[PDB]
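Enquirer: Could you have a look at this structure, given as structure tokens, before my questions?
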Amino acid sequence: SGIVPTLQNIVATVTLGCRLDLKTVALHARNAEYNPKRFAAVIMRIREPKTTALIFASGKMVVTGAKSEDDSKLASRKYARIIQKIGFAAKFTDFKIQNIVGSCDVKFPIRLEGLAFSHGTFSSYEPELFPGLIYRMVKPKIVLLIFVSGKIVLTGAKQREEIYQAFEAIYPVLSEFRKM
DNA sequence: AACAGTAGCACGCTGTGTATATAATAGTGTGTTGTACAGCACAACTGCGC
């Protein structure tokens with residue numbers, strides 16, 4: 001082994017606590033998009049940490065694109081400050097990470113059909129529909145996308161340890177189904 | 001007759017469908033409920049006439 005998964009995307013939610021006028025928000029923000037007809041939220045962005053926020057009239061906000069939990073909270077506080085600077089009585093509350101995505105490379109090809117047959121109740125593999133095997137782990141409850149190349153995607157985690165836990169648990173199985 | 005330029009065709013590369021999680025919230029679609037409108041031979045009935 002020796003491989004440890006790399007975090008790729010962190011999704012979080014934040015309650016600003018006050019109602020927002022989206023045209024005002026979009027108008028005053030330096031990096032905003034807002035087309036009511038397409039989606040009901042201002043799509044705001046900041047350069048550091050590089051992230052994207054979906055800002056709603058209710059004052060709720062979704063922050064995505066961060067590569068670390070630190071970066072997620074940091075960028076979230078920053079978006080909240082922007083809203084304040086524009087003039088609303090916003091508050092940075094209820095910061096919570098909802099989804100963590102990770103990925104790695106085991107460095108060997110995998111026999112997906114064998115794995116799907118062996119771990120049938122957790123696996124779903126339809127190569128004509130999507131080339132990767134969808135593995136639904138029980139403990140921890142994580143979803144893994146397994147590819148012939150040996151590249152692995154882990155998602156559905158609320159905490160970093162779950163990403164790490166799942167990979168540790170899957171590695172022996174990937175080894176059992178290697179090609180070379 | 002030869003050379004240069006322009007147009008057309010073919011090939012290669014980049015971008016967007018499929019799948020995973022996860023939050024946000026008002027809309028859109030579907031289903032259900034309510035209201036309104038549109039071959040014998042003999043056996044029995046029944047029908048007609050006295």
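Residue names in the structure tokens use chain letters A, B, ... in the order shown, residue numbers from 1 in each chain, and ligand numbers from 1 in the order shown.
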Could you write out, as a ChimeraX atom specification, all the residues of chain A that DSSP marks as strand (DSSP E)?
Expert: /A:6-15,32-33,42-46,51-55,60-66,93-105,123-124,133-136,143-146,151-157
Enquirer: May I have the residues of chain A within 10 Å of chain B, counting only C-alpha atoms (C1' of nucleotides), written as JSON, numbers by chain?
Expert: {"A": [10, 11, 12, 13, 14, 39, 40, 41, 54, 55, 56, 57, 58, 59, 60, 61, 62, 63, 64, 96, 97, 98, 99, 100, 101, 128, 129, 130, 131, 132, 133, 134, 135, 142, 143, 144, 145, 153, 154, 155, 156, 157, 158]}
Enquirer: How would you write, as JSON, numbers by chain, the set of residues in chain A that DSSP gives as helix (DSSP H, G or I)?
Expert: {"A": [22, 23, 24, 25, 26, 27, 28, 69, 70, 71, 72, 73, 74, 75, 76, 77, 78, 79, 80, 81, 82, 83, 84, 85, 86, 112, 113, 114, 115, 116, 117, 118, 160, 161, 162, 163, 164, 165, 166, 167, 168, 169, 170, 171, 172, 173, 174, 175, 176]}
